[PDB]
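Asks: My structure is stored as query18.cif, with mmCIF, C-alpha atoms.
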data_entry
#
loop_
_atom_site.group_PDB
_atom_site.id
_atom_site.type_symbol
_atom_site.label_atom_id
_atom_site.label_comp_id
_atom_site.auth_asym_id
_atom_site.auth_seq_id
_atom_site.Cartn_x
_atom_site.Cartn_y
_atom_site.Cartn_z
ATOM 1 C CA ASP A 1 142.996 253.470 -59.106
ATOM 2 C CA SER A 2 143.362 252.507 -55.442
ATOM 3 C CA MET A 3 141.603 250.491 -52.725
ATOM 4 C CA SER A 4 140.183 253.565 -50.986
ATOM 5 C CA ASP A 5 139.532 254.926 -54.480
ATOM 6 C CA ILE A 6 137.506 251.860 -55.538
ATOM 7 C CA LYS A 7 135.672 251.887 -52.193
ATOM 8 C CA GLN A 8 134.722 255.554 -52.489
ATOM 9 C CA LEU A 9 133.864 255.033 -56.169
ATOM 10 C CA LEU A 10 131.514 252.152 -55.400
ATOM 11 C CA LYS A 11 130.046 254.259 -52.600
ATOM 12 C CA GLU A 12 129.377 256.939 -55.211
ATOM 13 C CA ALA A 13 127.985 254.237 -57.488
ATOM 14 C CA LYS A 14 125.557 252.729 -54.950
ATOM 15 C CA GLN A 15 124.535 256.127 -53.562
ATOM 16 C CA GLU A 16 123.687 257.153 -57.127
ATOM 17 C CA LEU A 17 121.915 253.870 -57.804
ATOM 18 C CA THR A 18 119.865 254.427 -54.606
ATOM 19 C CA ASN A 19 118.678 257.716 -56.118
ATOM 20 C CA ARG A 20 117.151 255.804 -59.033
ATOM 21 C CA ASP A 21 119.630 257.482 -61.390
ATOM 22 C CA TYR A 22 119.997 254.250 -63.363
ATOM 23 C CA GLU A 23 121.664 255.857 -66.392
ATOM 24 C CA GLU A 24 124.262 257.161 -63.925
ATOM 25 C CA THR A 25 124.818 253.830 -62.154
ATOM 26 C CA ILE A 26 125.228 251.966 -65.440
ATOM 27 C CA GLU A 27 127.883 254.577 -66.233
ATOM 28 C CA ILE A 28 129.718 254.664 -62.889
ATOM 29 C CA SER A 29 129.745 250.914 -62.233
ATOM 30 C CA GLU A 30 131.423 250.088 -65.543
ATOM 31 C CA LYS A 31 134.293 252.430 -64.635
ATOM 32 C CA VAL A 32 135.005 250.618 -61.361
ATOM 33 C CA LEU A 33 134.624 247.271 -63.127
ATOM 34 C CA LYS A 34 137.131 248.659 -65.628
ATOM 35 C CA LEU A 35 139.479 249.671 -62.813
ATOM 36 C CA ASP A 36 139.110 246.397 -60.909
ATOM 37 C CA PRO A 37 138.573 243.607 -63.516
ATOM 38 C CA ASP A 38 136.265 241.671 -61.174
ATOM 39 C CA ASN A 39 134.211 243.260 -58.393
ATOM 40 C CA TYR A 40 131.344 241.531 -56.599
ATOM 41 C CA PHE A 41 129.371 244.723 -55.970
ATOM 42 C CA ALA A 42 130.019 246.630 -59.200
ATOM 43 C CA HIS A 43 128.620 243.687 -61.167
ATOM 44 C CA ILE A 44 125.419 243.632 -59.108
ATOM 45 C CA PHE A 45 124.881 247.392 -59.426
ATOM 46 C CA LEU A 46 125.624 247.118 -63.142
ATOM 47 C CA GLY A 47 123.165 244.244 -63.478
ATOM 48 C CA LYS A 48 120.255 245.772 -61.559
ATOM 49 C CA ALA A 49 120.868 249.226 -63.047
ATOM 50 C CA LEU A 50 121.011 247.911 -66.622
ATOM 51 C CA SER A 51 118.000 245.641 -66.141
ATOM 52 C CA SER A 52 115.909 248.493 -64.728
ATOM 53 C CA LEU A 53 117.063 250.880 -67.486
ATOM 54 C CA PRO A 54 113.886 251.578 -69.543
ATOM 55 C CA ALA A 55 113.420 250.100 -73.026
ATOM 56 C CA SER A 56 112.168 252.104 -76.003
ATOM 57 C CA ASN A 57 111.814 248.787 -77.844
ATOM 58 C CA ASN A 58 112.225 244.995 -77.751
ATOM 59 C CA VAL A 59 115.706 244.740 -79.289
ATOM 60 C CA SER A 60 117.149 247.243 -76.815
ATOM 61 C CA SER A 61 115.352 245.528 -73.935
ATOM 62 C CA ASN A 62 116.717 242.170 -75.092
ATOM 63 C CA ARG A 63 120.337 243.268 -75.528
ATOM 64 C CA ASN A 64 120.171 245.376 -72.369
ATOM 65 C CA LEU A 65 118.679 242.557 -70.300
ATOM 66 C CA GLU A 66 121.084 239.934 -71.661
ATOM 67 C CA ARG A 67 123.955 242.224 -70.694
ATOM 68 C CA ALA A 68 122.236 242.725 -67.340
ATOM 69 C CA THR A 69 121.788 238.954 -67.032
ATOM 70 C CA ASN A 70 125.483 238.237 -67.628
ATOM 71 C CA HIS A 71 126.917 240.445 -64.865
ATOM 72 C CA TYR A 72 124.694 238.905 -62.163
ATOM 73 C CA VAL A 73 125.855 235.420 -63.145
ATOM 74 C CA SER A 74 129.454 236.636 -63.198
ATOM 75 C CA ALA A 75 128.889 238.219 -59.781
ATOM 76 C CA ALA A 76 127.390 234.964 -58.530
ATOM 77 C CA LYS A 77 130.241 232.902 -59.961
ATOM 78 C CA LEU A 78 132.852 235.259 -58.489
ATOM 79 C CA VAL A 79 131.459 234.953 -54.946
ATOM 80 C CA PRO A 80 129.937 231.518 -54.163
ATOM 81 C CA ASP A 81 127.888 232.212 -51.004
ATOM 82 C CA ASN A 82 126.975 235.912 -51.290
ATOM 83 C CA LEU A 83 123.173 236.116 -51.342
ATOM 84 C CA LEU A 84 122.901 239.684 -52.655
ATOM 85 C CA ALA A 85 123.969 238.707 -56.187
ATOM 86 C CA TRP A 86 121.836 235.557 -56.220
ATOM 87 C CA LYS A 87 118.713 237.031 -54.629
ATOM 88 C CA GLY A 88 119.097 239.898 -57.076
ATOM 89 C CA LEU A 89 119.607 237.460 -59.944
ATOM 90 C CA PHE A 90 116.510 235.309 -59.434
ATOM 91 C CA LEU A 91 114.271 238.347 -58.962
ATOM 92 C CA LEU A 92 115.356 239.059 -62.527
ATOM 93 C CA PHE A 93 114.232 235.575 -63.567
ATOM 94 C CA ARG A 94 110.865 236.195 -61.918
ATOM 95 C CA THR A 95 110.753 239.746 -63.297
ATOM 96 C CA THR A 96 111.551 238.864 -66.918
ATOM 97 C CA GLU A 97 109.741 235.903 -68.476
ATOM 98 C CA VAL A 98 112.262 236.047 -71.305
ATOM 99 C CA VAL A 99 115.231 235.435 -68.977
ATOM 100 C CA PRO A 100 114.615 231.706 -68.390
ATOM 101 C CA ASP A 101 113.875 231.221 -72.102
ATOM 102 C CA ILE A 102 116.984 233.099 -73.316
ATOM 103 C CA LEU A 103 119.352 231.509 -70.810
ATOM 104 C CA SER A 104 120.114 227.854 -71.481
ATOM 105 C CA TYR A 105 117.418 225.917 -69.606
ATOM 106 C CA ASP A 106 120.263 223.827 -68.183
ATOM 107 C CA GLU A 107 122.057 226.929 -66.929
ATOM 108 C CA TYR A 108 118.978 227.994 -64.949
ATOM 109 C CA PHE A 109 118.882 224.904 -62.752
ATOM 110 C CA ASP A 110 122.680 225.035 -62.796
ATOM 111 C CA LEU A 111 122.359 228.437 -61.096
ATOM 112 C CA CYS A 112 119.647 227.159 -58.754
ATOM 113 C CA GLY A 113 121.816 224.283 -57.542
ATOM 114 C CA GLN A 114 124.502 226.758 -56.548
ATOM 115 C CA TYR A 115 121.929 229.056 -54.956
ATOM 116 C CA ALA A 116 120.445 226.333 -52.734
ATOM 117 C CA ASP A 117 123.828 225.521 -51.166
ATOM 118 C CA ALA A 118 124.187 229.048 -49.772
ATOM 119 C CA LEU A 119 120.451 229.285 -49.092
ATOM 120 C CA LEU A 120 120.775 226.219 -46.868
ATOM 121 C CA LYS A 121 123.477 227.814 -44.705
ATOM 122 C CA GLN A 122 121.735 231.215 -44.512
ATOM 123 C CA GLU A 123 118.004 230.408 -44.670
ATOM 124 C CA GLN A 124 113.976 228.279 -49.068
ATOM 125 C CA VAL A 125 110.349 227.741 -50.100
ATOM 126 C CA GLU A 126 110.437 230.708 -52.494
ATOM 127 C CA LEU A 127 112.876 228.875 -54.763
ATOM 128 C CA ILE A 128 110.813 225.682 -54.734
ATOM 129 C CA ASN A 129 107.498 227.422 -55.423
ATOM 130 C CA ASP A 130 109.072 229.696 -58.045
ATOM 131 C CA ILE A 131 110.800 226.820 -59.844
ATOM 132 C CA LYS A 132 107.802 224.476 -59.618
ATOM 133 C CA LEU A 133 105.683 227.274 -61.092
ATOM 134 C CA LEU A 134 108.297 227.444 -63.836
ATOM 135 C CA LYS A 135 107.997 223.720 -64.497
ATOM 136 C CA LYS A 136 104.171 224.042 -64.522
ATOM 137 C CA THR A 137 104.093 227.299 -66.501
ATOM 138 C CA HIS A 138 106.717 226.352 -69.091
ATOM 139 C CA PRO A 139 106.498 222.647 -69.995
ATOM 140 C CA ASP A 140 109.412 222.529 -72.466
ATOM 141 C CA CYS A 141 112.027 222.453 -69.699
ATOM 142 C CA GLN A 142 110.712 219.129 -68.396
ATOM 143 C CA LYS A 143 113.815 217.633 -70.016
ATOM 144 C CA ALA A 144 116.136 219.714 -67.833
ATOM 145 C CA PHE A 145 114.222 219.490 -64.539
ATOM 146 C CA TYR A 146 114.349 215.694 -64.625
ATOM 147 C CA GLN A 147 117.997 215.731 -65.701
ATOM 148 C CA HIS A 148 119.233 217.408 -62.525
ATOM 149 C CA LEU A 149 116.439 216.046 -60.346
ATOM 150 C CA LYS A 150 118.044 212.697 -61.176
ATOM 151 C CA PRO A 151 120.519 211.604 -58.499
ATOM 152 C CA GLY A 152 124.114 212.861 -58.780
ATOM 153 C CA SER A 153 123.654 216.591 -59.401
ATOM 154 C CA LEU A 154 124.101 219.536 -57.008
ATOM 155 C CA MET A 155 120.351 220.058 -57.210
ATOM 156 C CA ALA A 156 119.703 216.382 -56.408
ATOM 157 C CA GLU A 157 121.287 216.850 -52.991
ATOM 158 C CA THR A 158 120.178 220.490 -52.770
ATOM 159 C CA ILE A 159 116.449 220.127 -53.449
ATOM 160 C CA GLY A 160 115.211 216.595 -54.118
ATOM 161 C CA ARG A 161 111.669 217.532 -53.108
ATOM 162 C CA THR A 162 111.367 210.541 -55.457
ATOM 163 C CA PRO A 163 114.493 210.600 -57.628
ATOM 164 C CA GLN A 164 113.632 207.227 -59.147
ATOM 165 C CA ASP A 165 110.371 208.624 -60.500
ATOM 166 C CA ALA A 166 112.039 211.927 -61.410
ATOM 167 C CA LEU A 167 114.567 209.858 -63.360
ATOM 168 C CA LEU A 168 111.940 207.537 -64.867
ATOM 169 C CA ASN A 169 110.144 210.511 -66.429
ATOM 170 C CA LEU A 170 113.409 211.619 -68.075
ATOM 171 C CA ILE A 171 113.799 208.250 -69.800
ATOM 172 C CA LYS A 172 110.366 208.608 -71.376
ATOM 173 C CA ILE A 173 111.063 212.245 -72.269
ATOM 174 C CA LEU A 174 114.291 211.449 -74.082
ATOM 175 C CA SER A 175 112.692 208.325 -75.547
ATOM 176 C CA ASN A 176 109.785 210.297 -76.977
ATOM 177 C CA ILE A 177 112.198 212.992 -78.201
ATOM 178 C CA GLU A 178 114.251 210.288 -80.010
ATOM 179 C CA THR A 179 111.207 208.559 -81.511
ATOM 180 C CA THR A 180 109.746 211.826 -82.808
ATOM 181 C CA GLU A 181 113.211 212.876 -83.984
ATOM 182 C CA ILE A 182 113.640 209.661 -86.008
ATOM 183 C CA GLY A 183 110.330 210.150 -87.832
ATOM 184 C CA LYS A 184 111.454 213.362 -89.529
ATOM 185 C CA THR A 185 114.581 211.468 -90.601
ATOM 186 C CA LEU A 186 112.435 208.593 -91.906
ATOM 187 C CA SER A 187 110.804 210.446 -94.828
ATOM 188 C CA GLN A 188 113.944 211.565 -96.672
ATOM 189 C CA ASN A 189 115.814 208.337 -95.930
ATOM 190 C CA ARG A 190 113.280 205.637 -96.799
ATOM 191 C CA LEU A 191 113.018 206.938 -100.365
ATOM 192 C CA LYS A 192 116.658 205.987 -100.960
ATOM 193 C CA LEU A 193 116.174 202.307 -100.084
ATOM 194 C CA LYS A 194 114.544 200.182 -102.804
ATOM 195 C CA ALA A 195 111.059 198.670 -102.505
ATOM 196 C CA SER A 196 112.145 195.033 -102.496
ATOM 197 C CA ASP A 197 115.695 194.352 -101.543
ATOM 198 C CA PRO A 198 115.042 191.975 -98.639
ATOM 199 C CA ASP A 199 117.108 194.097 -96.218
ATOM 200 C CA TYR A 200 114.644 196.989 -96.498
ATOM 201 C CA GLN A 201 113.748 197.000 -92.791
ATOM 202 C CA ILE A 202 117.413 196.853 -91.813
ATOM 203 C CA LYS A 203 118.384 199.500 -94.347
ATOM 204 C CA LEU A 204 115.747 201.827 -92.874
ATOM 205 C CA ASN A 205 116.801 200.913 -89.308
ATOM 206 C CA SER A 206 120.459 201.620 -90.116
ATOM 207 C CA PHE A 207 119.750 205.305 -90.792
ATOM 208 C CA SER A 208 118.219 205.640 -87.327
ATOM 209 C CA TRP A 209 121.632 205.142 -85.716
ATOM 210 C CA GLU A 210 122.699 208.796 -85.938
ATOM 211 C CA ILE A 211 120.143 209.726 -83.263
ATOM 212 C CA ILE A 212 120.814 206.718 -81.014
ATOM 213 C CA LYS A 213 124.623 206.896 -81.031
ATOM 214 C CA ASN A 214 124.484 210.254 -79.235
ATOM 215 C CA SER A 215 121.647 209.069 -76.974
ATOM 216 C CA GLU A 216 122.878 207.987 -73.533
ATOM 217 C CA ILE A 217 119.478 206.665 -72.485
ATOM 218 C CA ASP A 218 120.611 203.086 -71.783
ATOM 219 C CA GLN A 219 122.891 204.035 -68.881
ATOM 220 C CA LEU A 220 120.064 206.106 -67.398
ATOM 221 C CA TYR A 221 117.903 203.018 -67.810
ATOM 222 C CA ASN A 222 120.485 200.957 -65.940
ATOM 223 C CA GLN A 223 120.577 203.471 -63.079
ATOM 224 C CA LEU A 224 116.757 203.566 -62.934
ATOM 225 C CA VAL A 225 116.824 199.778 -63.017
ATOM 226 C CA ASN A 226 119.154 199.540 -60.035
ATOM 227 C CA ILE A 227 117.726 202.282 -57.791
ATOM 228 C CA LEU A 228 114.079 201.136 -58.110
ATOM 229 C CA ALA A 229 114.417 198.261 -55.629
ATOM 230 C CA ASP A 230 110.777 197.196 -55.869
ATOM 231 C CA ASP A 231 110.091 193.753 -57.354
ATOM 232 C CA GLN A 232 107.207 194.526 -59.743
ATOM 233 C CA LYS A 233 108.396 197.941 -60.943
ATOM 234 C CA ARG A 234 111.953 196.594 -61.190
ATOM 235 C CA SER A 235 110.757 193.735 -63.408
ATOM 236 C CA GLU A 236 108.532 195.947 -65.576
ATOM 237 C CA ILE A 237 111.251 198.564 -66.064
ATOM 238 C CA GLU A 238 113.647 195.696 -66.811
ATOM 239 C CA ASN A 239 111.255 194.410 -69.476
ATOM 240 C CA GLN A 240 110.863 197.831 -71.101
ATOM 241 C CA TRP A 241 114.624 198.247 -70.898
ATOM 242 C CA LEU A 242 115.243 194.967 -72.694
ATOM 243 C CA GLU A 243 112.749 196.028 -75.346
ATOM 244 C CA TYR A 244 114.828 199.200 -75.776
ATOM 245 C CA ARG A 245 118.089 197.212 -75.807
ATOM 246 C CA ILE A 246 116.859 194.994 -78.638
ATOM 247 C CA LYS A 247 115.497 198.051 -80.449
ATOM 248 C CA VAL A 248 119.072 199.346 -80.343
ATOM 249 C CA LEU A 249 120.238 196.027 -81.814
ATOM 250 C CA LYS A 250 117.817 196.510 -84.684
ATOM 251 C CA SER A 251 119.340 200.006 -84.868
ATOM 252 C CA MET A 252 123.110 199.335 -84.809
ATOM 253 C CA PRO A 253 125.333 198.128 -87.719
ATOM 254 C CA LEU A 254 126.682 194.601 -88.244
ATOM 255 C CA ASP A 255 130.098 195.272 -86.720
ATOM 256 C CA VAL A 256 128.792 196.798 -83.486
ATOM 257 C CA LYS A 257 125.785 194.459 -83.220
ATOM 258 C CA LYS A 258 127.949 191.424 -82.503
ATOM 259 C CA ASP A 259 130.044 193.278 -79.931
ATOM 260 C CA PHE A 260 126.895 194.445 -78.139
ATOM 261 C CA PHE A 261 124.883 191.234 -78.619
ATOM 262 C CA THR A 262 126.958 189.257 -76.102
ATOM 263 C CA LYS A 263 125.789 191.775 -73.501
ATOM 264 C CA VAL A 264 122.084 191.391 -74.265
ATOM 265 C CA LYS A 265 122.399 187.601 -74.418
ATOM 266 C CA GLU A 266 124.120 187.614 -71.012
ATOM 267 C CA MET A 267 121.351 189.925 -69.795
ATOM 268 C CA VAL A 268 118.567 187.670 -71.054
ATOM 269 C CA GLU A 269 120.232 184.561 -69.593
ATOM 270 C CA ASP A 270 120.585 186.443 -66.300
ATOM 271 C CA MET A 271 116.838 187.146 -66.480
ATOM 272 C CA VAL A 272 115.995 183.520 -67.321
ATOM 273 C CA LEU A 273 118.053 182.441 -64.312
ATOM 274 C CA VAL A 274 115.811 184.504 -61.997
ATOM 275 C CA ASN A 275 112.607 183.546 -63.891
ATOM 276 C CA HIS A 276 111.780 187.167 -64.823
ATOM 277 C CA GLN A 277 108.171 187.649 -65.937
ATOM 278 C CA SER A 278 109.029 189.133 -69.357
ATOM 279 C CA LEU A 279 108.335 186.562 -72.080
ATOM 280 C CA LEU A 280 110.710 188.330 -74.474
ATOM 281 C CA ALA A 281 113.551 187.265 -72.199
ATOM 282 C CA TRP A 282 112.592 183.570 -72.197
ATOM 283 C CA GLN A 283 111.657 183.537 -75.874
ATOM 284 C CA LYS A 284 114.879 185.226 -76.966
ATOM 285 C CA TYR A 285 116.798 183.077 -74.466
ATOM 286 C CA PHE A 286 115.674 179.820 -76.038
ATOM 287 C CA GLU A 287 115.899 181.127 -79.625
ATOM 288 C CA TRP A 288 119.388 182.513 -79.125
ATOM 289 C CA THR A 289 120.991 179.591 -77.294
ATOM 290 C CA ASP A 290 121.987 177.289 -80.162
ATOM 291 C CA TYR A 291 122.067 173.579 -79.412
ATOM 292 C CA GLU A 292 124.349 171.078 -81.153
ATOM 293 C CA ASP A 293 121.637 168.421 -81.154
ATOM 294 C CA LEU A 294 117.995 168.698 -80.126
ATOM 295 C CA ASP A 295 118.586 165.800 -77.715
ATOM 296 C CA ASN A 296 121.106 167.658 -75.533
ATOM 297 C CA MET A 297 119.133 170.847 -74.799
ATOM 298 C CA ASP A 298 117.851 171.884 -71.354
ATOM 299 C CA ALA A 299 114.786 169.867 -70.350
ATOM 300 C CA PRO A 300 113.389 171.170 -67.072
ATOM 301 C CA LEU A 301 113.812 174.847 -68.002
ATOM 302 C CA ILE A 302 111.556 174.489 -71.050
ATOM 303 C CA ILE A 303 109.027 172.565 -68.954
ATOM 304 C CA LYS A 304 109.059 175.401 -66.439
ATOM 305 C CA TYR A 305 108.839 177.712 -69.466
ATOM 306 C CA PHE A 306 105.716 175.957 -70.757
ATOM 307 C CA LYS A 307 104.205 175.628 -67.284
ATOM 308 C CA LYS A 308 104.878 179.329 -66.754
ATOM 309 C CA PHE A 309 103.424 180.377 -70.120
ATOM 310 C CA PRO A 310 101.037 177.817 -71.685
ATOM 311 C CA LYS A 311 99.700 180.539 -74.010
ATOM 312 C CA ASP A 312 103.054 181.401 -75.676
ATOM 313 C CA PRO A 313 103.232 179.433 -78.930
#
Would you mind writing the structure in this file as structure tokens?

Replies:
Amino acid sequence: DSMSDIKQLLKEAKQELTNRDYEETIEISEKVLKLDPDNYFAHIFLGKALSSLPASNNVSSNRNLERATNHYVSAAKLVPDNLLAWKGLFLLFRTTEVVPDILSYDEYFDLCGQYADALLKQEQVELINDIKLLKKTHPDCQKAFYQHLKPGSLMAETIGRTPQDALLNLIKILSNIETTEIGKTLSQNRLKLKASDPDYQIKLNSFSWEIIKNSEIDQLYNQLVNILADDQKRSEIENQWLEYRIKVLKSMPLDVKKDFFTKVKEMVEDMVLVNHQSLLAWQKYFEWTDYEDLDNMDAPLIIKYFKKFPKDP
């Protein structure tokens, strides 16, 4: 239980691990790790040695490799810039197809983002190719990739191989996830509501709130709106956004609807001020602005409105 003792012990550990005596390394490393609660090297030896330890079956392989997976991550967390742990860790991701699927998809990229920072100082195409192949091979993670690819994450600065597009895709992902998620909720709910109480639509829409309240899509939409900085795309995305915003209005209760509605009205008016292409804006703008008398309402705006859209009823 001493510095020279731990050194010599780890020497004995690594020298035994070099001999491919994995059952021995898994045994020796744990002792040192027991002596010194946290040790950068012991954890790596433990990880590699456990991972490489043969598996008579799937359960053992799984438990063994999870345990193996943990100590690498711990070793990587302990020492930020040490490439041995990391390089050893990702080889395990490449080696075991289960590893990315068992580890939280978020955590993967979360590890990558930390990797890249050190990788930049020391040496990086392997990571990009490997991860891209992961995005192409496994399509479920598309949610995560676009989450961190979006500006404001360690990986955004780290990799970033446009963010606006990378963020746009996320909006549609989450949107589709929400839509498909609501449908399963529809069946059980709609049966409750009667056939002909006039608030049927609203009653059904009210139940949809549980999925939207947790959804932070709108903010993402705002960000995407601002960063775009291209007239046409900006306008189109704005239009879609407004469509979403009013969908949410259909979604939210009476109490919250009023509180939020001022925002959307201000938004629409802001659009109408800059003659945005989206009809919905103009339409809703004129419908929503209530006029004391019909002889005191805006006159040129509606003429520009008609001139702009002679097809709109």

Asks: When the PyMOL selection byres ((chain A and resi 31) around 12) is applied to the structure above, which residues does it catch, written out as a PyMOL selection string?

Replies: chain A and resi 1+5-6+9-10+12-13+24-30+32-39+42-43+45-46

Asks: Please write as number ranges by chain the list of polymer residues whose atoms come within 12 Å of (108.7, 225.8, -64.9), counting all atoms listed in the file and keeping to the coordinates of the file.

Replies: A: 93-94, 97, 100-101, 105, 108-109, 127-146

Asks: Which residues are close to residue A:72, i.e. within 12 Å by only C-alpha atoms, leaving aside same-chain residues fewer than 5 positions away? Reply as number ranges by chain.

Replies: A: 38-51, 65-67, 77-79, 82-93, 111

Asks: Between A:7, A:276, A:213, A:304, which one has atoms that come closest to residue A:251, using only C-alpha atoms?

Replies: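 Closest residue, counting only C-alpha atoms: A:213.
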
Asks: Select, from A:68, A:204, A:248, A:301, the residue with the minimum atom-to-atom distance to residue A:189, counting all atoms listed in the file.

Replies: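 Among A:68, A:204, A:248, A:301, it is A:204 that comes nearest to residue A:189.
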
Asks: Leaving out residue A:205 and any residue of its chain fewer than 2 positions from it, which residues lie within 12 Å of it when counting all atoms listed in the file, given as number ranges by chain?

Replies: A: 182-183, 185-186, 189-190, 193, 199-203, 207-212, 247-254

Asks: For atom CA of residue A:169 and atom CA of residue A:229, quote the distance in Å rounded to one decimal.

Replies: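 So the answer is 16.9 Å.
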
Asks: What does the structure give for the distance between atom CA of residue A:167 and atom CA of residue A:223, in Å to one decimal?

Replies: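 Distance between the two atoms: 8.8 Å.
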
Asks: Could you pull the residues within 8 Å of residue A:224, counting all atoms listed in the file, minus those fewer than 4 positions along the same chain, as a ChimeraX atom specification?

Replies: /A:164,167-168,220,228

Asks: Using only C-alpha atoms, please write the residues we just selected to a file, as a PDB file, keeping the file's coordinate frame.

Replies:
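Okay, out.pdb is ready:
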ATOM      1  CA  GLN A 164     113.632 207.227 -59.147  1.00  0.00           C
ATOM      2  CA  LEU A 167     114.567 209.858 -63.360  1.00  0.00           C
ATOM      3  CA  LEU A 168     111.940 207.537 -64.867  1.00  0.00           C
ATOM      4  CA  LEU A 220     120.064 206.106 -67.398  1.00  0.00           C
ATOM      5  CA  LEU A 228     114.079 201.136 -58.110  1.00  0.00           C
TER       6      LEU A 228
END

Asks: Using all atoms listed in the file, find the one residue out of A:226, A:235, A:4, A:114 that sits nearest to residue A:156.

Replies: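 Between A:226, A:235, A:4, A:114, the residue approaching residue A:156 most closely is A:114.
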
Asks: When you draw a straight line from atom CA of residue A:216 to atom CA of residue A:261, how long is it in Å?

Replies: 17.6 Å

Asks: Report, as JSON, the centre and edge lengths in Å (one decimal) of the axis-aligned box enclosing every listed atom of stretch 154-169 of chain A, padded by 5 Å on each side.

Replies:
{"center_x": 117.1, "center_y": 213.9, "center_z": -59.6, "size_x": 24.0, "size_y": 23.3, "size_z": 23.7}

Asks: Tell me which of A:273, A:297, A:256, A:280 sits closest to residue A:240, counting only C-alpha atoms.

Replies: A:280

Asks: Considering all atoms listed in the file, can you say which of A:238, A:178, A:171, A:117 comes closest to residue A:159?

Replies: A:117

Asks: The PyMOL selection byres ((chain A and resi 289) around 12) on the file shown: which residues, as a list in words?

Replies: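 Applying the expression gives residues 262, 265, 266, 268, 269, 272, 281, 282, 283, 284, 285, 286, 287, 288, 290, 291, 292, 293, 294, 297 and 298 of chain A.
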
Asks: With the file shown as input, list the residues that the PyMOL selection byres ((chain A and resi 151) around 9) selects, as a list in words.

Replies: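 Applying the PyMOL selection byres ((chain A and resi 151) around 9) to the structure shown produces residues 147, 148, 149, 150, 152, 153, 154, 155, 156, 157, 160, 163, 164, 166 and 167 of chain A.
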
Asks: Restricting the output to C-alpha atoms, write the selected residues as a PDB file, in the coordinates of the input.

Replies:
ATOM      1  CA  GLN A 147     117.997 215.731 -65.701  1.00  0.00           C
ATOM      2  CA  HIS A 148     119.233 217.408 -62.525  1.00  0.00           C
ATOM      3  CA  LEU A 149     116.439 216.046 -60.346  1.00  0.00           C
ATOM      4  CA  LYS A 150     118.044 212.697 -61.176  1.00  0.00           C
ATOM      5  CA  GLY A 152     124.114 212.861 -58.780  1.00  0.00           C
ATOM      6  CA  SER A 153     123.654 216.591 -59.401  1.00  0.00           C
ATOM      7  CA  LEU A 154     124.101 219.536 -57.008  1.00  0.00           C
ATOM      8  CA  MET A 155     120.351 220.058 -57.210  1.00  0.00           C
ATOM      9  CA  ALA A 156     119.703 216.382 -56.408  1.00  0.00           C
ATOM     10  CA  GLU A 157     121.287 216.850 -52.991  1.00  0.00           C
ATOM     11  CA  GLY A 160     115.211 216.595 -54.118  1.00  0.00           C
ATOM     12  CA  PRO A 163     114.493 210.600 -57.628  1.00  0.00           C
ATOM     13  CA  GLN A 164     113.632 207.227 -59.147  1.00  0.00           C
ATOM     14  CA  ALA A 166     112.039 211.927 -61.410  1.00  0.00           C
ATOM     15  CA  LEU A 167     114.567 209.858 -63.360  1.00  0.00           C
TER      16      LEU A 167
END

Asks: Which of these residues is nearest to residue A:227, using all atoms listed in the file: A:295, A:126, A:181, A:165?

Replies: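 Looking at the shortest contact to residue A:227, the residue is A:165.
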